[PDB]
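Listing of upload-v3.txt; format and content: compact mmCIF, N, CA, C and O atoms.
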```txt
# COMPACT_ATOMS: atom_id res chain seq x y z
N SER A 107 30.54 -195.12 -45.88
CA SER A 107 29.28 -195.83 -45.77
C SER A 107 28.42 -195.08 -44.77
O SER A 107 28.97 -194.79 -43.72
N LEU A 108 27.13 -194.75 -45.02
CA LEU A 108 26.24 -194.36 -43.98
C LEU A 108 25.38 -195.51 -43.76
O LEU A 108 24.42 -195.76 -44.42
N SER A 109 25.76 -196.24 -42.71
CA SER A 109 24.86 -197.14 -42.02
C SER A 109 24.02 -196.31 -41.12
O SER A 109 24.24 -196.29 -39.93
N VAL A 110 22.99 -195.54 -41.66
CA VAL A 110 22.11 -194.79 -40.77
C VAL A 110 21.24 -195.78 -40.11
O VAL A 110 20.39 -196.32 -40.81
N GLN A 111 21.49 -196.17 -38.84
CA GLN A 111 20.71 -197.09 -38.10
C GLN A 111 19.81 -196.35 -37.24
O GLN A 111 20.06 -196.33 -36.05
N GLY A 112 18.73 -195.74 -37.79
CA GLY A 112 17.69 -195.14 -37.02
C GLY A 112 16.65 -196.13 -36.84
O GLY A 112 16.90 -197.13 -36.13
N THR A 113 15.41 -195.88 -37.34
CA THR A 113 14.21 -196.76 -37.44
C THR A 113 14.54 -197.76 -38.53
O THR A 113 14.32 -198.99 -38.46
N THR A 114 15.13 -197.22 -39.61
CA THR A 114 15.69 -197.91 -40.71
C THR A 114 17.10 -198.24 -40.56
O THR A 114 17.88 -197.51 -39.96
N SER A 115 17.54 -199.48 -41.01
CA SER A 115 18.89 -199.78 -41.18
C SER A 115 19.26 -199.25 -42.59
O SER A 115 19.37 -200.06 -43.49
N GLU A 116 19.49 -197.97 -42.84
CA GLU A 116 19.72 -197.54 -44.18
C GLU A 116 21.16 -197.71 -44.56
O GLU A 116 21.98 -197.06 -44.04
N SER A 117 21.44 -198.59 -45.54
CA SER A 117 22.83 -198.76 -45.98
C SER A 117 23.19 -197.98 -47.21
O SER A 117 22.81 -198.37 -48.35
N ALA A 118 23.92 -196.88 -47.04
CA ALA A 118 24.41 -196.13 -48.21
C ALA A 118 25.86 -196.45 -48.35
O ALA A 118 26.49 -196.75 -47.35
N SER A 119 26.32 -196.39 -49.58
CA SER A 119 27.79 -196.58 -49.91
C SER A 119 28.17 -195.44 -50.74
O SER A 119 28.19 -195.48 -51.95
N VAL A 120 28.49 -194.24 -50.09
CA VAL A 120 29.01 -193.07 -50.71
C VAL A 120 30.42 -193.18 -50.87
O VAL A 120 31.17 -192.95 -49.88
N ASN A 121 30.90 -193.35 -52.12
CA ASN A 121 32.26 -193.17 -52.47
C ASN A 121 32.80 -191.76 -52.29
O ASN A 121 32.08 -190.77 -52.57
N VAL A 122 34.04 -191.65 -51.84
CA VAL A 122 34.71 -190.41 -51.91
C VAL A 122 36.09 -190.76 -52.40
O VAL A 122 36.49 -191.93 -52.58
N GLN A 123 36.85 -189.70 -52.60
CA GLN A 123 38.07 -189.83 -53.29
C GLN A 123 39.09 -188.87 -52.76
O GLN A 123 38.72 -188.01 -51.93
N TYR A 124 40.41 -189.00 -53.19
CA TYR A 124 41.47 -188.07 -52.98
C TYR A 124 42.46 -188.21 -54.05
O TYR A 124 42.86 -189.31 -54.49
N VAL A 125 43.03 -187.05 -54.51
CA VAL A 125 44.01 -186.98 -55.51
C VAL A 125 45.26 -186.74 -54.72
O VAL A 125 45.30 -185.70 -54.03
N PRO A 126 46.40 -187.48 -54.86
CA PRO A 126 47.70 -187.08 -54.36
C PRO A 126 48.21 -185.81 -54.95
O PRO A 126 47.72 -185.29 -55.95
N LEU A 127 49.24 -185.24 -54.29
CA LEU A 127 49.87 -184.00 -54.61
C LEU A 127 51.26 -184.40 -55.06
O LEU A 127 51.98 -185.02 -54.30
N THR A 128 51.64 -184.01 -56.29
CA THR A 128 52.90 -184.23 -56.90
C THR A 128 53.33 -182.97 -57.44
O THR A 128 52.50 -182.16 -57.79
N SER A 129 54.66 -182.67 -57.56
CA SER A 129 55.08 -181.45 -58.10
C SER A 129 55.87 -181.95 -59.38
O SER A 129 56.39 -183.05 -59.49
N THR A 130 55.93 -181.06 -60.39
CA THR A 130 56.63 -181.21 -61.65
C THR A 130 57.38 -179.91 -61.95
O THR A 130 56.74 -178.87 -61.92
N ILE A 131 58.66 -180.08 -62.16
CA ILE A 131 59.60 -178.96 -62.42
C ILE A 131 60.19 -179.26 -63.76
O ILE A 131 60.58 -180.36 -64.11
N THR A 132 60.32 -178.21 -64.57
CA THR A 132 60.75 -178.10 -65.94
C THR A 132 61.91 -177.13 -65.98
O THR A 132 62.04 -176.36 -65.06
N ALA A 133 62.78 -177.34 -66.94
CA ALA A 133 64.03 -176.66 -67.13
C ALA A 133 64.19 -176.54 -68.65
O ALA A 133 63.65 -177.36 -69.40
N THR A 134 64.86 -175.44 -69.12
CA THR A 134 64.92 -175.22 -70.56
C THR A 134 66.34 -174.66 -70.84
O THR A 134 67.09 -174.16 -69.95
N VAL A 135 66.82 -174.75 -72.14
CA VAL A 135 68.17 -174.53 -72.52
C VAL A 135 67.92 -173.77 -73.84
O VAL A 135 66.92 -174.01 -74.55
N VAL A 136 68.73 -172.75 -74.13
CA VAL A 136 68.66 -172.09 -75.36
C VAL A 136 70.07 -171.58 -75.40
O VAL A 136 70.84 -171.78 -74.49
N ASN A 137 70.49 -170.93 -76.50
CA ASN A 137 71.85 -170.40 -76.79
C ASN A 137 71.74 -169.19 -77.59
O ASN A 137 70.77 -168.48 -77.62
N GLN A 138 72.84 -168.92 -78.31
CA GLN A 138 72.94 -167.84 -79.15
C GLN A 138 72.54 -168.12 -80.60
O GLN A 138 72.58 -167.25 -81.43
N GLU A 139 72.02 -169.32 -80.91
CA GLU A 139 71.49 -169.66 -82.20
C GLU A 139 69.98 -169.63 -82.12
O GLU A 139 69.29 -169.63 -83.19
N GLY A 140 69.40 -169.45 -80.93
CA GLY A 140 67.96 -169.21 -80.75
C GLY A 140 67.27 -170.53 -81.02
O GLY A 140 66.06 -170.43 -81.32
N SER A 141 67.95 -171.78 -80.95
CA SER A 141 67.33 -173.03 -81.28
C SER A 141 67.41 -173.85 -80.04
O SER A 141 68.44 -173.89 -79.41
N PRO A 142 66.36 -174.51 -79.54
CA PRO A 142 66.39 -175.35 -78.36
C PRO A 142 67.16 -176.58 -78.47
O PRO A 142 67.04 -177.34 -79.46
N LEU A 143 68.14 -176.73 -77.56
CA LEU A 143 69.16 -177.77 -77.57
C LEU A 143 68.57 -179.15 -77.15
O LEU A 143 67.74 -179.16 -76.27
N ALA A 144 69.02 -180.28 -77.83
CA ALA A 144 68.61 -181.59 -77.43
C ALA A 144 69.86 -182.30 -77.00
O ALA A 144 70.90 -182.16 -77.62
N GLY A 145 69.80 -183.11 -75.97
CA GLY A 145 70.83 -184.05 -75.55
C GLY A 145 71.45 -183.55 -74.29
O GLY A 145 72.15 -184.31 -73.61
N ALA A 146 71.12 -182.27 -73.89
CA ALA A 146 71.71 -181.68 -72.70
C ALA A 146 71.20 -182.42 -71.50
O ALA A 146 70.07 -182.77 -71.47
N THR A 147 72.08 -182.78 -70.52
CA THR A 147 71.70 -183.41 -69.32
C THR A 147 71.45 -182.21 -68.39
O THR A 147 72.34 -181.39 -68.17
N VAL A 148 70.29 -182.23 -67.67
CA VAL A 148 70.11 -181.28 -66.58
C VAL A 148 69.73 -182.07 -65.38
O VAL A 148 68.99 -183.03 -65.61
N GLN A 149 70.34 -181.80 -64.15
CA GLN A 149 70.24 -182.67 -62.95
C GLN A 149 69.57 -181.77 -61.93
O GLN A 149 69.99 -180.64 -61.73
N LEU A 150 68.48 -182.29 -61.35
CA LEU A 150 67.76 -181.66 -60.26
C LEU A 150 68.13 -182.34 -59.01
O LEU A 150 67.89 -183.53 -58.76
N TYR A 151 68.69 -181.47 -58.17
CA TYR A 151 69.01 -181.85 -56.84
C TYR A 151 67.91 -181.18 -56.02
O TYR A 151 67.66 -179.98 -56.22
N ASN A 152 67.24 -181.93 -55.10
CA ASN A 152 66.40 -181.44 -54.02
C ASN A 152 67.18 -180.85 -52.85
O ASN A 152 67.69 -181.59 -52.04
N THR A 153 67.48 -179.54 -52.89
CA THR A 153 68.45 -178.89 -52.00
C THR A 153 67.79 -178.22 -50.82
O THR A 153 68.44 -177.51 -50.04
N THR A 154 66.59 -178.68 -50.51
CA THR A 154 65.84 -178.25 -49.40
C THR A 154 65.90 -179.36 -48.38
O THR A 154 65.11 -179.34 -47.40
N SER A 155 66.79 -180.28 -48.48
CA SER A 155 66.82 -181.38 -47.63
C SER A 155 68.06 -181.17 -46.75
O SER A 155 68.18 -181.83 -45.73
N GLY A 156 68.99 -180.23 -47.18
CA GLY A 156 70.22 -179.87 -46.45
C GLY A 156 71.42 -180.60 -46.99
O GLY A 156 72.49 -180.59 -46.36
N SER A 157 71.35 -181.16 -48.24
CA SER A 157 72.38 -181.83 -49.02
C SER A 157 71.72 -182.03 -50.34
O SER A 157 70.53 -181.64 -50.54
N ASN A 158 72.62 -182.48 -51.31
CA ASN A 158 72.35 -182.47 -52.68
C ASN A 158 71.71 -183.76 -53.06
O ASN A 158 72.16 -184.49 -53.93
N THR A 159 70.59 -184.13 -52.41
CA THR A 159 69.78 -185.32 -52.62
C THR A 159 69.09 -185.27 -53.97
O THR A 159 68.01 -184.71 -54.01
N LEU B 160 78.41 -166.27 -100.67
CA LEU B 160 77.90 -164.96 -100.44
C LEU B 160 76.94 -164.50 -101.50
O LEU B 160 77.34 -164.50 -102.68
N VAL B 161 75.65 -164.34 -101.18
CA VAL B 161 74.59 -163.86 -102.04
C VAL B 161 74.14 -162.45 -101.61
O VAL B 161 73.61 -161.83 -102.57
N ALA B 162 74.38 -161.95 -100.37
CA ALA B 162 73.99 -160.61 -100.01
C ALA B 162 74.81 -160.12 -98.84
O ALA B 162 75.01 -160.81 -97.87
N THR B 163 75.42 -158.99 -98.94
CA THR B 163 76.09 -158.16 -97.97
C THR B 163 75.30 -156.86 -97.86
O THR B 163 74.83 -156.28 -98.90
N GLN B 164 75.16 -156.40 -96.58
CA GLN B 164 74.48 -155.20 -96.14
C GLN B 164 75.37 -154.38 -95.32
O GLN B 164 76.22 -154.82 -94.58
N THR B 165 75.19 -153.07 -95.44
CA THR B 165 75.61 -152.02 -94.52
C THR B 165 74.37 -151.84 -93.56
O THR B 165 73.27 -151.46 -94.02
N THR B 166 74.61 -152.08 -92.29
CA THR B 166 73.55 -152.12 -91.27
C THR B 166 72.85 -150.79 -91.18
O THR B 166 73.41 -149.68 -91.42
N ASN B 167 71.50 -150.79 -91.02
CA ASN B 167 70.63 -149.67 -91.10
C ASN B 167 70.26 -149.24 -89.66
O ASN B 167 70.56 -149.86 -88.67
N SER B 168 69.59 -148.07 -89.55
CA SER B 168 69.39 -147.39 -88.38
C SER B 168 68.07 -147.73 -87.80
O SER B 168 67.64 -147.11 -86.85
N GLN B 169 67.40 -148.74 -88.31
CA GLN B 169 66.19 -149.24 -87.83
C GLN B 169 66.42 -150.52 -87.13
O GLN B 169 65.47 -151.06 -86.50
N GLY B 170 67.65 -151.06 -87.12
CA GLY B 170 68.17 -152.14 -86.27
C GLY B 170 67.57 -153.43 -86.72
O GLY B 170 67.25 -154.37 -85.94
N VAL B 171 67.36 -153.54 -88.05
CA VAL B 171 67.10 -154.84 -88.72
C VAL B 171 67.98 -154.80 -89.88
O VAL B 171 68.06 -153.84 -90.63
N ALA B 172 68.74 -155.89 -89.97
CA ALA B 172 69.61 -156.10 -91.11
C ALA B 172 68.96 -157.09 -91.92
O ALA B 172 69.15 -158.35 -91.73
N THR B 173 68.18 -156.65 -92.89
CA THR B 173 67.31 -157.52 -93.66
C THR B 173 68.01 -157.68 -95.00
O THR B 173 68.50 -156.72 -95.64
N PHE B 174 68.04 -159.01 -95.45
CA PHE B 174 68.66 -159.45 -96.67
C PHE B 174 67.69 -160.52 -97.26
O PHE B 174 67.22 -161.37 -96.49
N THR B 175 67.31 -160.44 -98.61
CA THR B 175 66.41 -161.39 -99.30
C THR B 175 67.17 -162.43 -100.07
O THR B 175 67.97 -162.08 -100.94
N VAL B 176 66.91 -163.73 -99.89
CA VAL B 176 67.57 -164.84 -100.44
C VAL B 176 66.56 -165.88 -100.76
O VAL B 176 65.58 -165.98 -100.06
N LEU B 177 66.84 -166.66 -101.84
CA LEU B 177 65.99 -167.79 -102.21
C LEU B 177 65.84 -168.76 -101.04
O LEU B 177 66.65 -168.94 -100.08
N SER B 178 64.72 -169.47 -101.01
CA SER B 178 64.34 -170.45 -100.00
C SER B 178 63.48 -171.52 -100.71
O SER B 178 63.10 -171.30 -101.88
N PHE B 179 63.29 -172.68 -100.04
CA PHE B 179 62.69 -173.92 -100.51
C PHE B 179 62.12 -174.62 -99.32
O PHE B 179 62.63 -174.50 -98.23
N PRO B 180 61.04 -175.44 -99.42
CA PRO B 180 60.39 -176.01 -98.30
C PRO B 180 61.16 -177.21 -97.92
O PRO B 180 61.53 -178.00 -98.85
N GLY B 181 61.40 -177.48 -96.59
CA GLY B 181 61.97 -178.76 -96.10
C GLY B 181 63.42 -178.88 -96.23
O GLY B 181 63.86 -179.94 -96.69
N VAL B 182 64.18 -177.81 -95.90
CA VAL B 182 65.64 -177.89 -95.96
C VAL B 182 66.14 -177.09 -94.82
O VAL B 182 65.62 -175.96 -94.75
N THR B 183 67.15 -177.54 -94.02
CA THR B 183 67.75 -176.72 -92.88
C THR B 183 68.75 -175.69 -93.50
O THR B 183 69.96 -175.97 -93.50
N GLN B 184 68.26 -174.53 -93.96
CA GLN B 184 68.98 -173.51 -94.65
C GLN B 184 69.83 -172.77 -93.69
O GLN B 184 69.42 -171.77 -93.15
N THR B 185 70.98 -173.27 -93.43
CA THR B 185 71.92 -172.59 -92.54
C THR B 185 72.55 -171.42 -93.16
O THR B 185 72.95 -171.46 -94.36
N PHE B 186 72.73 -170.40 -92.31
CA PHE B 186 73.31 -169.11 -92.67
C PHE B 186 74.20 -168.63 -91.56
O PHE B 186 73.94 -168.70 -90.37
N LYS B 187 75.41 -168.15 -91.94
CA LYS B 187 76.40 -167.64 -91.09
C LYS B 187 76.31 -166.10 -91.34
O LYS B 187 76.39 -165.65 -92.51
N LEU B 188 76.17 -165.37 -90.19
CA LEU B 188 76.12 -163.97 -90.11
C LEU B 188 77.37 -163.46 -89.40
O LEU B 188 77.41 -163.41 -88.19
N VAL B 189 78.31 -162.97 -90.19
CA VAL B 189 79.51 -162.31 -89.67
C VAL B 189 79.34 -160.81 -89.65
O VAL B 189 78.98 -160.18 -90.61
N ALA B 190 79.58 -160.23 -88.46
CA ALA B 190 79.60 -158.79 -88.14
C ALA B 190 80.97 -158.29 -87.94
O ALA B 190 81.72 -158.70 -87.02
N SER B 191 81.41 -157.39 -88.92
CA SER B 191 82.70 -156.76 -88.98
C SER B 191 82.47 -155.34 -89.04
O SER B 191 81.80 -154.82 -89.86
N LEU B 192 82.89 -154.66 -87.94
CA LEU B 192 82.53 -153.31 -87.64
C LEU B 192 83.73 -152.56 -86.93
O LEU B 192 84.53 -153.15 -86.19
N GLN B 193 83.94 -151.26 -87.23
CA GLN B 193 85.04 -150.52 -86.80
C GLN B 193 84.51 -149.76 -85.58
O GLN B 193 83.71 -148.81 -85.73
N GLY B 194 85.00 -150.15 -84.37
CA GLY B 194 84.85 -149.37 -83.19
C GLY B 194 84.58 -150.32 -82.08
O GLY B 194 84.72 -149.93 -80.91
N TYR B 195 84.17 -151.58 -82.46
CA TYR B 195 83.84 -152.65 -81.52
C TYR B 195 84.29 -153.97 -82.12
O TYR B 195 84.73 -154.07 -83.30
N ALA B 196 84.13 -155.11 -81.37
CA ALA B 196 84.63 -156.41 -81.70
C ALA B 196 83.83 -157.10 -82.79
O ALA B 196 82.61 -157.34 -82.75
N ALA B 197 84.54 -157.59 -83.76
CA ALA B 197 83.98 -158.39 -84.84
C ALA B 197 83.62 -159.76 -84.31
O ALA B 197 84.36 -160.29 -83.46
N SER B 198 82.44 -160.34 -84.72
CA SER B 198 81.87 -161.48 -84.01
C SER B 198 81.23 -162.32 -85.12
O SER B 198 80.97 -161.69 -86.16
N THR B 199 80.99 -163.61 -84.95
CA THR B 199 80.36 -164.43 -85.94
C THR B 199 79.31 -165.25 -85.19
O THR B 199 79.74 -166.04 -84.42
N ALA B 200 78.03 -165.15 -85.51
CA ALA B 200 76.94 -166.03 -85.11
C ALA B 200 76.40 -166.75 -86.34
O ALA B 200 76.79 -166.48 -87.47
N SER B 201 75.48 -167.69 -86.05
CA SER B 201 74.95 -168.50 -87.18
C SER B 201 73.61 -168.91 -86.71
O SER B 201 73.29 -168.96 -85.48
N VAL B 202 72.72 -169.20 -87.73
CA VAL B 202 71.35 -169.57 -87.56
C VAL B 202 71.05 -170.65 -88.50
O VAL B 202 71.91 -170.87 -89.41
N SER B 203 69.77 -171.20 -88.43
CA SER B 203 69.24 -172.01 -89.48
C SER B 203 67.74 -171.78 -89.65
O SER B 203 66.98 -171.96 -88.71
N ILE B 204 67.35 -171.33 -90.91
CA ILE B 204 65.92 -171.37 -91.09
C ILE B 204 65.53 -172.76 -91.72
O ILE B 204 66.10 -173.22 -92.73
N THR B 205 64.54 -173.49 -91.10
CA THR B 205 64.06 -174.73 -91.70
C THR B 205 62.69 -174.39 -92.21
O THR B 205 61.77 -174.29 -91.39
N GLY B 206 62.53 -174.30 -93.54
CA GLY B 206 61.39 -173.79 -94.25
C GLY B 206 61.40 -172.28 -94.11
O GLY B 206 62.48 -171.70 -94.09
N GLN B 207 60.28 -171.57 -93.94
CA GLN B 207 60.33 -170.14 -93.86
C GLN B 207 60.19 -169.74 -92.50
O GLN B 207 59.22 -170.08 -91.82
N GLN B 208 61.19 -169.00 -91.95
CA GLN B 208 61.13 -168.43 -90.62
C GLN B 208 62.06 -167.39 -90.51
O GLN B 208 63.08 -167.34 -91.23
N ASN B 209 61.76 -166.47 -89.58
CA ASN B 209 62.58 -165.36 -89.23
C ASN B 209 63.72 -165.80 -88.33
O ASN B 209 63.41 -166.15 -87.24
N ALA B 210 64.99 -165.73 -88.68
CA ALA B 210 66.04 -166.17 -87.90
C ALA B 210 66.76 -165.01 -87.37
O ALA B 210 67.48 -164.36 -88.09
N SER B 211 66.48 -164.67 -86.03
CA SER B 211 67.06 -163.47 -85.52
C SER B 211 67.71 -163.68 -84.27
O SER B 211 67.13 -164.21 -83.31
N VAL B 212 69.02 -163.30 -84.24
CA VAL B 212 69.86 -163.35 -83.07
C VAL B 212 70.67 -162.12 -82.87
O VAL B 212 71.28 -161.59 -83.80
```
Re-express the file's structure as structure tokens.
Amino acid sequence: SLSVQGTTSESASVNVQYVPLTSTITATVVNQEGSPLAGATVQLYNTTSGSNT
Amino acid sequence: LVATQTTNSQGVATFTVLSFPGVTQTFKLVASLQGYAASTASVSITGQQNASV
């Protein structure tokens, strides 16, 4: 808000914004048949925490 | 068995076979060769595609 209180009580309502920061990691599986596998479980551990969180 | 090839020096073993739209046309490619290990891979073309492994 700019409540510019000079000579004028000017009331502005300037919106601003912020986008959060999220990361997205992808993993892929292929074999010797050259066909992408479905049903494979892949587990991401965050190993920058000093354990397998 | 509809086609057997003696492998060529251009390093594509190309064989022509009938195909049809909308069918998982599986093909087993067995390599039997004197001087190294005989091996069996397999592919599937679904409709028309180059299946190379």
Legend entry - strand (DSSP E or B) call set, DSSP backbone run, chain B, as number ranges by chain: B: 183-190, 193, 195, 198-205
Legend entry - Coordinates-based distance that separates atom O of residue 192 in chain B from atom N of residue 138 in chain A (Å, one decimal):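 Computed distance, atom N of residue 138 in chain A to atom O of residue 192 in chain B, equals 21.2 Å.
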Inset, instruction - Pull out every residue of chain B that has at least one atom within 6 Å of chain A, counting only N, CA, C and O atoms, and report them as a VMD selection string. - result: chain B and resid 200 to 203 211 to 212
Writer output for current selection, N, CA, C and O atoms, as a PDB file, in the coordinates of the input:
```pdb
ATOM      1  N   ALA B 200      78.030-165.150 -85.510  1.00  0.00           N
ATOM      2  CA  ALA B 200      76.940-166.030 -85.110  1.00  0.00           C
ATOM      3  C   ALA B 200      76.400-166.750 -86.340  1.00  0.00           C
ATOM      4  O   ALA B 200      76.790-166.480 -87.470  1.00  0.00           O
ATOM      5  N   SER B 201      75.480-167.690 -86.050  1.00  0.00           N
ATOM      6  CA  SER B 201      74.950-168.500 -87.180  1.00  0.00           C
ATOM      7  C   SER B 201      73.610-168.910 -86.710  1.00  0.00           C
ATOM      8  O   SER B 201      73.290-168.960 -85.480  1.00  0.00           O
ATOM      9  N   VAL B 202      72.720-169.200 -87.730  1.00  0.00           N
ATOM     10  CA  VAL B 202      71.350-169.570 -87.560  1.00  0.00           C
ATOM     11  C   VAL B 202      71.050-170.650 -88.500  1.00  0.00           C
ATOM     12  O   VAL B 202      71.910-170.870 -89.410  1.00  0.00           O
ATOM     13  N   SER B 203      69.770-171.200 -88.430  1.00  0.00           N
ATOM     14  CA  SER B 203      69.240-172.010 -89.480  1.00  0.00           C
ATOM     15  C   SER B 203      67.740-171.780 -89.650  1.00  0.00           C
ATOM     16  O   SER B 203      66.980-171.960 -88.710  1.00  0.00           O
ATOM     17  N   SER B 211      66.480-164.670 -86.030  1.00  0.00           N
ATOM     18  CA  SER B 211      67.060-163.470 -85.520  1.00  0.00           C
ATOM     19  C   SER B 211      67.710-163.680 -84.270  1.00  0.00           C
ATOM     20  O   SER B 211      67.130-164.210 -83.310  1.00  0.00           O
ATOM     21  N   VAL B 212      69.020-163.300 -84.240  1.00  0.00           N
ATOM     22  CA  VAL B 212      69.860-163.350 -83.070  1.00  0.00           C
ATOM     23  C   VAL B 212      70.670-162.120 -82.870  1.00  0.00           C
ATOM     24  O   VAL B 212      71.280-161.590 -83.800  1.00  0.00           O
TER      25      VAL B 212
END
```
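Interatomic distance, CA of residue 122 in chain A against atom C of residue 110 in chain A: 18.7 Å.
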Inset, instruction - Calculate how many Å separate atom C of residue 199 in chain B from atom O of residue 136 in chain A, rounding to one decimal. - result: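 Here the two named atoms are 15.1 Å from each other.
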